[PDB]
Amino acid sequence: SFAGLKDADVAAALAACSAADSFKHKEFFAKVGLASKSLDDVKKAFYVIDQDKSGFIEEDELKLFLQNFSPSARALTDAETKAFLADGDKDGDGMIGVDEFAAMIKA
Ligand SMILES: [Ca+2]
Ligand SMILES: [Ca+2]
Ligand SMILES: [N+]
């Protein structure tokens, strides 16, 4: 709801990644409906996920990614989380900032 996503698109993408190590960020984004929202909307999203309002998604917030979308969802695994940063952390700081986030949702 925070980023204008359908209960339904969210239910379907969580299903697709219900198994540990099955999460693929690119796919999730597209299936949740994220990849077709406006940049404003991509920005609201970044802001909820960054729970502490640090202006960065820290690897502990990343671990809880899916929980943002649905409270009963599973935590991401270490290899899931590693792969996320690996492709989104472009400056090498170990965090995903707003610009790095939008960049990964884009394509
Ligand atoms: Ca944060
Ligand atoms: Ca970074
Ligand atoms: N954090």
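Every residue, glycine as well, gets a Cβ built from its backbone with ideal geometry; the counts of neighbours run over all protein chains shown. None of the figures in this text is laboratory data; all of them are computed from the coordinates on show.
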Next item on the list: For the range 42-75, enumerate the residues that are of a type in the set (A, V, I, L, M) and within 16 Å of ligand 2 (Cβ to nearest atom).
Entry: 49, 57, 62
Next item on the list: Would you confirm whether any residue within the range 51-62 is closer than 25 Å to residue 90 by Cα, crowded, with 16+ Cβ neighbours inside 10 Å and either out of contact with any strand residue (DSSP E or B) (no Cβ under 8 Å at 6 or more places or on another chain) or touching a residue at least 60 places away in the same chain (Cβ under 8 Å) (or both)?
Entry: yes
Checklist line | Odd one out for residue 38 among (1) away from ligand 1 (no atom under 12 Å from the Cβ); (2) within 22 Å of residue 18 (Cα to Cα) | finding: (2)
Notebook entry, point to check: For the subset of the range 19-50 comprising residues that are farther than 15 Å from residue 101 by Cα and buried (at least 19 other Cβ atoms within 10 Å of the Cβ), which member is farthest from ligand 3 (Cβ to nearest atom)?
Noted result: 32
Next item on the list: Inspect the range 6-18 for any residue being in contact (Cβ under 8 Å) with a residue 12 or more places away in the chain and within 16 Å of ligand 3 (Cβ to nearest atom) and give the result as yes or no.
Entry: no
Item checked: Count - residues of the range 63-84 that are surrounded by 14 or more Cβ atoms within 10 Å (Cβ to Cβ) and either among the charged types (D, E, K, R) or within 11 Å of the chain's Cα centre (by Cα) (or both) -> 12
